[PDB]
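Residue numbers count from 1 along this sequence. All values below come from the heavy atoms of this structure, side chains included, with hydrogens, waters and symmetry mates left out.
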Amino acid sequence: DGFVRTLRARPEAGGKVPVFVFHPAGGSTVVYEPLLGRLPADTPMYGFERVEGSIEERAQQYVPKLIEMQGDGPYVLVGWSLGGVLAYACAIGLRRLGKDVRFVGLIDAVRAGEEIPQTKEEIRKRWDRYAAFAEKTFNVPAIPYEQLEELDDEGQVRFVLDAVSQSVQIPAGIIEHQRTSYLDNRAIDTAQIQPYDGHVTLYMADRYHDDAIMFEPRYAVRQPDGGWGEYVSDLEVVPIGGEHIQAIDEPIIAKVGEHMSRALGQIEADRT
Ligand SMILES: CCOC(=O)c1c(-c2ccccc2)oc2ccc(O)c(CN3CCOCC3)c12
């Protein structure tokens, strides 16, 4: 257990190369079950669930466990949403330690069409935007920008949540789910992408959904390479259409699965 979920266990010895999937923003790796059904028979799959920190800090926890599980390789890393960024971060980490990474699968992990500033001004604009939505959906003051600007994202939400309780009474499970979903989404926004010299496959939908765009309008635009071209020279794009939220489910996941199954077979053949 821990932060590793077994979706399909590998046999005691040998077997096919396992697929490592990484959780999405505000979700668990159970979302990869439809993908699992579209991969070849007896393909093992292990899901890495949420841990805390920057993307690099999260990868620092994941990579040692990956090596514990798969040693030298070969590594197949896959992720939808935040999971894609996490898969990529692990690939960089693993390659840096001399491991054999043969497949990185990004399921619509698309960068915003315009870069997202990590500035104090952007912090002010973000919470101004959030406040306005809050006014409308809850039918309800000055924003203490100076205190917010000094905090990181976790500090920011903690500050806002604390201030809210001072009336206001929100059940813990709803708060915590909104909190982790928010922070996971911000982790995508603030990811500092490093270059990777291996093969990356990007399954690309048409667009982000409306709710995502409301939160950060810069996601209203996608570049053809999904923003990965400058960091990845060996990049393949597999268009799948539909929306970001649909990309992980049937029927669209069948397209992803058919393509990905072809990649896995070549890996199994090259081993033999
Ligand atoms: C329902 C869609 O909500 C979100 O995507 C976001 C959420 C959120 C909040 C509560 C519950 C669920 C999600 O918080 C965000 C913070 C920044 C940000 O750019 C985004 C927009 N994202 C950023 C990453 O790329 C996809 C869109 C979000």
Side-chain angles (χ1 to χ4, degrees), residues 3-8 10 15-25 27-33 35-36 38-40 43-51 54-111 184 187-188 191 193-204 226 228 231-238 247-248 253 256-257 259-268 270-271:
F3 52 73
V4 178
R5 175 183 311 270
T6 302
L7 293 124
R8 186 187 285 139
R10 75 198 308 170
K16 305 192 185 194
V17 177
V19 180
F20 293 103
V21 298
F22 299 76
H23 80 94
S28 78
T29 55
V30 300
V31 300
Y32 295 103
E33 288 279 359
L35 173 63
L36 185 56
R38 294 289 191 173
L39 294 183
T43 300
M45 178 176 284
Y46 296 88
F48 281 52
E49 300 292 349
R50 182 177 297 100
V51 298
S54 71
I55 306 294
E56 289 69 33
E57 289 177 339
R58 292 177 200 222
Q60 287 173 351
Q61 294 165 255
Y62 289 155
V63 170
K65 192 73 177 178
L66 283 160
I67 296 168
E68 162 177 350
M69 292 174 67
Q70 183 62 5
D72 287 339
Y75 287 94
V76 176
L77 313 167
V78 171
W80 171 60
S81 186
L82 165 66
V85 176
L86 297 175
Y88 185 86
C90 289
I92 283 168
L94 284 168
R95 185 183 175 106
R96 176 169 304 158
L97 295 171
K99 305 311 184 179
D100 180 31
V101 185
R102 293 204 197 166
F103 187 90
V104 179
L106 311 184
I107 305 173
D108 209 47
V110 178
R111 307 306 289 168
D184 282 353
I188 301 169
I193 310 294
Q194 308 297 302
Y196 171 71
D197 292 21
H199 188 262
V200 183
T201 308
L202 174 65
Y203 303 92
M204 167 103 66
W228 291 93
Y231 311 101
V232 177
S233 61
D234 187 16
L235 181 69
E236 173 192 15
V237 169
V238 182
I248 193 62
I253 199 57
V256 172
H259 179 275
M260 185 177 296
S261 296
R262 288 195 301 261
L264 289 170
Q266 188 61 62
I267 291 175
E268 293 307 323
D270 295 340
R271 292 200 309 153

*If you take all heavy atoms of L7 and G47, which pair is closest and at what distance?*
CD1-N, 3.7 Å
*Please examine the side chains of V104 and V232, heavy atoms only from C-beta on, and report whether any two atoms are closer than 4.5 Å.*
no
*Which class fits the ring pair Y88 and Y196: parallel under 30°, tilted 30 to 60°, perpendicular over 60°?*
perpendicular
*Spacing of CZ belonging to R58 relative to SG belonging to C90, to within rounding of 0.5 Å*: 11.5 Å
*Heavy-atom side-chain contact between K16 and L264 under 4.5 Å*: no
*Take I107 and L35 through the side chain to side chain contact (heavy atoms under 4.5 Å, CB included) test and state the conclusion after the steps.*
CA-CA 11 Å; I107 305 173; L35 173 63; 4.3 Å; yes
*Spacing of CD belonging to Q194 relative to CD1 belonging to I92, to within rounding of 0.5 Å*: 6.0 Å
*Quick check: does any side chain N or O of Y62 sit under 3.5 Å from a backbone N or O of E49, one acting as donor and the other as acceptor?*
yes
_With heavy-atom distances below 4.5 Å as the criterion, would you say the side chains of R38 and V256 are in contact?_
no
*Answer yes or no: is there a side-chain heavy-atom contact under 4.5 Å between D184 and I188?*
no
*Evaluate the side-chain proximity of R50 to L82: yes if any heavy-atom separation is below 4.5 Å, no if none is.*
no
*asked:* So which atom in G93 and which in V63 form the shortest heavy-atom distance, rounded to 0.1 Å?
replied: CA-CG2, 4.4 Å
*Rounded to the nearest 0.5 Å, what separation is found between the CZ atom of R5 and the OG1 atom of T29?*
4.5 Å
*Do you know which two heavy atoms are closest between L39 and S261, and how far apart they sit?*
CA-OG, 3.5 Å
*Apply side chain to side chain contact (heavy atoms under 4.5 Å, CB included) to the pair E33 and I253, showing each step before the final yes or no.*
CA-CA 10 Å; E33 288 279 359; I253 199 57; over 6 Å; no
*Taking the side chain as C-beta and beyond, is there a heavy-atom pair between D72 and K99 under 4.5 Å?*
yes
*Can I193 and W228 be said to form a side chain to side chain contact (heavy atoms under 4.5 Å, CB included), step by step?*
CA-CA 9 Å; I193 310 294; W228 291 93; 3.8 Å; yes
*Expected output: side-chain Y32 to main-chain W80 donor-acceptor under 3.5 Å*: yes
*asked:* Just so I know, are the side chains of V17 and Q70 near enough to count as touching, which here means a heavy-atom distance under 4.5 Å?
replied: yes
*asked:* Would you say CG of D100 has more than 12 non-hydrogen atoms from neighbouring residues, nucleotides or ligands within 6.0 angstrom?
replied: yes
*Looking only at atom types and distance, does a side-chain atom of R8 sit under 3.5 Å from a main-chain N or O of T43, one as donor and one as acceptor?*
yes
*Could you tell me whether the side chain of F48 reaches within less than 4.5 Å of the side chain of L86, counting heavy atoms only?*
no
*What distance do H259 atom NE2 and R262 atom CZ have between them, rounded to the nearest 0.5 Å?*
5.5 Å
*Closest approach of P64 and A59, non-hydrogen atoms and distance?*
CD-O, 4.2 Å
_To check you understand the geometry: which heavy-atom pair defines the closest contact between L202 and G226, and what is its length?_
CD2-CA, 4.2 Å
*Can you tell which of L97, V101, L94 makes a side-chain contact (heavy atoms from CB on, under 4.5 Å) with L66?*
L94
_Separation of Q60 CD from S54 OG (nearest 0.5 Å)_ = 7.0 Å
*Taking the inter-plane angle between the rings of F103 and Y203 on a 0 to 90° scale, is it parallel (under 30°), tilted (30 to 60°) or perpendicular (over 60°)?*
tilted
_side chain to side chain contact (heavy atoms under 4.5 Å, CB included) between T6 and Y46, intermediate numbers included_ = CA-CA 5 Å; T6 302; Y46 296 88; 3.7 Å; yes
